[PDB]
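To start, the structure itself, in structure tokens.
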Amino acid sequence: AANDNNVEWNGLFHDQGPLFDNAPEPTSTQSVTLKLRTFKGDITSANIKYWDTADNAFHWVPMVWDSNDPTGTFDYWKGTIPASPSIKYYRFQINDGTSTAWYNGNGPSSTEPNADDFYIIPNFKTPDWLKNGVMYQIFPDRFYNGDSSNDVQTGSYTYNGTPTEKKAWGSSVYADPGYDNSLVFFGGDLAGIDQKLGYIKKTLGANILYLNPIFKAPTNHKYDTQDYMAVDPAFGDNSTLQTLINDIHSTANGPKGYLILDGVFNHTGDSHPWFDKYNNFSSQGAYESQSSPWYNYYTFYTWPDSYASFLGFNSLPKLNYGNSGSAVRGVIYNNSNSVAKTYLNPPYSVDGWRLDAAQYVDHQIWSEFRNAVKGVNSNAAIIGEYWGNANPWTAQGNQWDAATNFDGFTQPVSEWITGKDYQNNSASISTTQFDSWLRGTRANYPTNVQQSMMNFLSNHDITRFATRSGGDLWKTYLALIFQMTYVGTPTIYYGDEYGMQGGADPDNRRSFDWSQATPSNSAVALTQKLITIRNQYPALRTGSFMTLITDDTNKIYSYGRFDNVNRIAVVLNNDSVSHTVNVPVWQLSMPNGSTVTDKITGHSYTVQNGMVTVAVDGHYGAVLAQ
Ligand SMILES: [Ca+2]
Ligand SMILES: [Ca+2]
Ligand SMILES: [Ca+2]
């Protein structure tokens, strides 16, 4: 490159990783020094242009030449945005004489963008353990039966005229004729989770557990809460929960762990005493009388049978949060003994809440909720359920730390690798489309939020990845290599690590086959290897992300994860045959003559003419680190 009236887009880079931003989670008094990469000698000037919410105006900061990279291929330019408490948004103007390019979260543009600016949100922190962790999601009835004494039996109780059914471990999840799918119980419990902490924390290496609901409720899924304050007896008691939490937190039995609970705060069950549709309590619920002590906890359109609910399910009546200081806001979060606080305080001290159905609870309520949660424990995580762009609950730093990454992770991964959407409908995307989808969805979020997103291949509300993949376990390998090297918390839905299959609910909640929970299962062996690799390299958790190859002919995707210390080129082959790939590691400033090691195999390579040449099997990958 040269000063030649032309900005060369291929040389340009910025994100908020360590090489480019010295303060990605600044306080009010920390200035933000930003670096923009270009090809060496390519440009004549560059400017940071930032919107300041303090004065509703743009501000321009001229940049200066900072340095070359070690390979001598690139310049870095630098400039500093001043310290203050205000939210700010920035982009770059990049000039080479009569040529101008713009650059922001969406990359380069010939025209000035007005969306996808980078974020500066002073004093907004997400928990660093969430950014750096690996999460394991457990649907408790189906993971491990640690104790038969608490098992629900066939006919133990009835709910809305149907008896419960016990089914044998490993059998079909579908209720036998006459029974109901939501009242089928395999016997998994908290004691079982406790007994399997060595599998989770050592055999795999995950350090965060996320549980589907565990509080008293008549169904097997327990999203129809009857008592927020009691562990459901099928799963244990509150003392079992305390013991489980202390064993999760222990550093003596594996890495220090964290527990995130499912907070079902949009709605209760229809059998909650506040509602009491079936008169299970002496008290009078909202369904029973318009003079009920809890009548105003719900919203009736025509009392008693037409009321607000989750998605039209009459079993899930929607809570009326009223306005600030209301009784409902009190019992859920404000009161010293609220549901949200109770589990965050001793003797529980859980590490976060996953917010079920969170889009149906307004932004004011989530802002108050954040204050309640973070006031007890500033390092307790708040992850909202949302299937789209969760910017409205994340990008001002006043509500959630992150969201369930359906839109930025689960869907594009599904469509690229399996050719199906996550509901197993036909929907395929190319490698260029995959890369574009990923970039646009990252750009929806502040960097800390991106790094804290819950990135799962499957969950309890979508079809299993291994079913979408038609049973080809190598598609799971590929998905795992991507998952464990991408931006956001890798989240393993129990069983995905061994290739568990399953269609739509309830078949996505099969009982876990413990014969497969060893490194003799090749997917488990790869999962363990990848978690070890992710835990070795901060660049994989909090590093920059740069696209390197998007090859739609050979179905090759390559990207770099890199920081001040490490440079890692991930190379993924989404074809059904091997490809030998020339990896442009020069883009990551890996020097000529240096060595890289594929951390999956231990195979070593030498960088030549900016390239590493590696053979990658179909539906597999290499993780080329130095
Ligand atoms: Ca130039
Ligand atoms: Ca049990
Ligand atoms: Ca009653």
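We label chains A, B, ... in the order they appear in the structure tokens, count residues from 1 in each chain, and number ligands from 1 in the order shown.
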
Compute the set of protein, DNA and RNA residues whose minimum atom distance to ligand 3 is at most 10 Å, using only C-alpha atoms and all ligand atoms, and state it as a compact mmCIF listing (two decimals) with N, CA and C atoms, in the first residue's frame.
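New file part-v7.txt:
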```txt
# COMPACT_ATOMS: atom_id res chain seq x y z
N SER A 271 -51.84 -23.57 39.07
CA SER A 271 -52.02 -24.17 40.39
C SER A 271 -51.27 -23.43 41.50
N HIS A 272 -50.66 -22.28 41.19
CA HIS A 272 -50.06 -21.45 42.23
C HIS A 272 -51.19 -20.96 43.15
N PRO A 273 -50.98 -20.92 44.49
CA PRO A 273 -52.06 -20.40 45.36
C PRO A 273 -52.57 -19.01 45.02
N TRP A 274 -51.73 -18.16 44.43
CA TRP A 274 -52.19 -16.82 44.04
C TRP A 274 -53.31 -16.88 43.01
N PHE A 275 -53.32 -17.94 42.19
CA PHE A 275 -54.30 -18.13 41.14
C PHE A 275 -55.32 -19.20 41.53
N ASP A 276 -54.80 -20.39 41.85
CA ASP A 276 -55.53 -21.54 42.43
C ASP A 276 -56.73 -21.99 41.60
N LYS A 277 -56.50 -22.26 40.32
CA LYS A 277 -57.55 -22.66 39.40
C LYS A 277 -58.29 -23.94 39.80
N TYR A 278 -57.60 -24.87 40.45
CA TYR A 278 -58.20 -26.16 40.82
C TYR A 278 -58.52 -26.28 42.31
N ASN A 279 -58.51 -25.15 43.02
CA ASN A 279 -58.76 -25.13 44.47
C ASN A 279 -57.93 -26.17 45.23
N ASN A 280 -56.61 -26.08 45.06
CA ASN A 280 -55.66 -26.91 45.81
C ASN A 280 -55.27 -26.34 47.18
N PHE A 281 -55.75 -25.14 47.50
CA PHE A 281 -55.39 -24.46 48.75
C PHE A 281 -56.62 -23.91 49.42
N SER A 282 -56.58 -23.85 50.75
CA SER A 282 -57.66 -23.23 51.51
C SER A 282 -57.82 -21.74 51.21
N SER A 283 -56.71 -21.08 50.87
CA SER A 283 -56.73 -19.65 50.52
C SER A 283 -57.49 -19.45 49.21
N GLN A 284 -57.96 -18.23 48.97
CA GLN A 284 -58.73 -17.98 47.76
C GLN A 284 -57.90 -17.24 46.69
N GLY A 285 -57.65 -17.95 45.59
CA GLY A 285 -56.82 -17.41 44.50
C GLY A 285 -57.62 -16.53 43.56
N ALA A 286 -56.90 -15.86 42.65
CA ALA A 286 -57.51 -14.92 41.72
C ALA A 286 -58.54 -15.56 40.81
N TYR A 287 -58.31 -16.81 40.42
CA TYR A 287 -59.28 -17.54 39.59
C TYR A 287 -60.58 -17.80 40.36
N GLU A 288 -60.47 -17.99 41.67
CA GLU A 288 -61.61 -18.38 42.52
C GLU A 288 -62.53 -17.23 42.89
N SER A 289 -61.99 -16.02 43.02
CA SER A 289 -62.81 -14.86 43.40
C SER A 289 -62.19 -13.55 42.97
N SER A 292 -60.24 -12.00 45.80
CA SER A 292 -59.04 -12.70 46.26
C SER A 292 -57.97 -11.74 46.78
```

Could you list, as a PyMOL selection string, all protein and nucleic acid residues with an atom at most 6 Å from ligand 1, counting only C-alpha atoms and all ligand atoms? chain A and resi 1-8+42-43+96

Write as a VMD selection string the residues around ligand 2, taking 8 Å as the cut-off and counting only C-alpha atoms and all ligand atoms. chain A and resid 141 144 to 152 186 to 189 191 to 192 234 to 236

Just to be explicit: take each residue in the selection above, keep C-alpha atoms, and write the result as a CSV table (one decimal), in the first residue's frame.
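New file out-v6.csv:
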```csv
chain,number,residue,atom,x,y,z
A,141,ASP,CA,-35.8,-34.7,35.5
A,144,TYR,CA,-29.3,-38.2,36.5
A,145,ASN,CA,-31.5,-39.9,39.1
A,146,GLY,CA,-29.3,-39.7,42.2
A,147,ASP,CA,-32.1,-40.9,44.6
A,148,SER,CA,-35.1,-43.1,43.9
A,149,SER,CA,-36.7,-42.1,47.3
A,150,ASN,CA,-38.0,-38.8,45.8
A,151,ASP,CA,-39.2,-40.2,42.4
A,152,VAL,CA,-42.7,-39.3,41.3
A,186,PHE,CA,-37.9,-40.2,34.8
A,187,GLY,CA,-36.5,-39.3,38.3
A,188,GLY,CA,-33.6,-37.0,37.7
A,189,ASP,CA,-32.8,-34.8,40.7
A,191,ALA,CA,-28.7,-35.3,44.3
A,192,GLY,CA,-28.0,-36.7,40.8
A,234,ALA,CA,-39.2,-34.7,43.2
A,235,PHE,CA,-35.9,-32.9,42.8
A,236,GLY,CA,-34.9,-32.7,46.5
```

Using DSSP on the backbone coordinates, identify the residues of range 417-589 of chain A assigned to strand (DSSP E or B); present them as a PyMOL selection string. chain A and resi 420+426+454-456+489-493+544-551+556-562+567-573+579-583

Contacts of residue 180 in chain A at 10 Å or less, counting only C-alpha atoms, minus same-chain residues fewer than 3 places along, as a ChimeraX atom specification? /A:159,162-165,174-177,183-184,219

Go ahead and dump the residues you just picked, N, CA, C and O atoms, as a short mmCIF file (atom, residue, chain, number, x, y, z; two decimals), in the first residue's frame.
```cif
data_model
loop_
_atom_site.label_atom_id
_atom_site.label_comp_id
_atom_site.auth_asym_id
_atom_site.auth_seq_id
_atom_site.Cartn_x
_atom_site.Cartn_y
_atom_site.Cartn_z
N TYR A 159 -53.01 -33.98 37.94
CA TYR A 159 -53.02 -32.56 37.58
C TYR A 159 -54.00 -32.40 36.43
O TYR A 159 -53.85 -33.05 35.39
N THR A 162 -55.39 -35.77 34.97
CA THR A 162 -54.50 -36.81 34.45
C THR A 162 -53.49 -37.18 35.54
O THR A 162 -52.90 -36.30 36.17
N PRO A 163 -53.28 -38.49 35.77
CA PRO A 163 -52.27 -38.92 36.73
C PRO A 163 -50.85 -38.78 36.19
O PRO A 163 -50.62 -38.81 34.98
N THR A 164 -49.90 -38.65 37.10
CA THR A 164 -48.50 -38.69 36.73
C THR A 164 -48.13 -40.09 36.22
O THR A 164 -48.77 -41.08 36.59
N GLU A 165 -47.10 -40.15 35.38
CA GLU A 165 -46.54 -41.42 34.92
C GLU A 165 -45.05 -41.43 35.15
O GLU A 165 -44.35 -40.50 34.74
N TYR A 174 -42.26 -39.99 25.46
CA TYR A 174 -43.68 -39.77 25.19
C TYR A 174 -44.55 -40.53 26.20
O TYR A 174 -44.33 -41.72 26.46
N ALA A 175 -45.56 -39.85 26.73
CA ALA A 175 -46.46 -40.46 27.67
C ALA A 175 -47.13 -41.68 27.03
O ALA A 175 -47.46 -41.65 25.84
N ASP A 176 -47.30 -42.72 27.83
CA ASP A 176 -48.09 -43.88 27.38
C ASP A 176 -49.56 -43.49 27.18
O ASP A 176 -49.99 -42.42 27.64
N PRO A 177 -50.32 -44.32 26.43
CA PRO A 177 -51.67 -43.91 26.09
C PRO A 177 -52.54 -43.58 27.32
O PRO A 177 -52.53 -44.31 28.31
N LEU A 183 -46.53 -34.70 32.27
CA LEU A 183 -46.63 -35.39 33.56
C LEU A 183 -45.93 -36.74 33.50
O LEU A 183 -46.36 -37.68 34.16
N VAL A 184 -44.84 -36.80 32.73
CA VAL A 184 -43.99 -37.99 32.62
C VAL A 184 -42.69 -37.72 33.38
O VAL A 184 -42.01 -36.70 33.10
N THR A 219 -45.73 -30.07 36.77
CA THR A 219 -45.25 -30.70 35.53
C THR A 219 -43.80 -31.19 35.68
O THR A 219 -43.12 -30.96 36.67
#
```

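With only C-alpha atoms as the basis for measurement, A:198 is the residue among A:198, A:553, A:17, A:621 that approaches residue 517 in chain A most closely.
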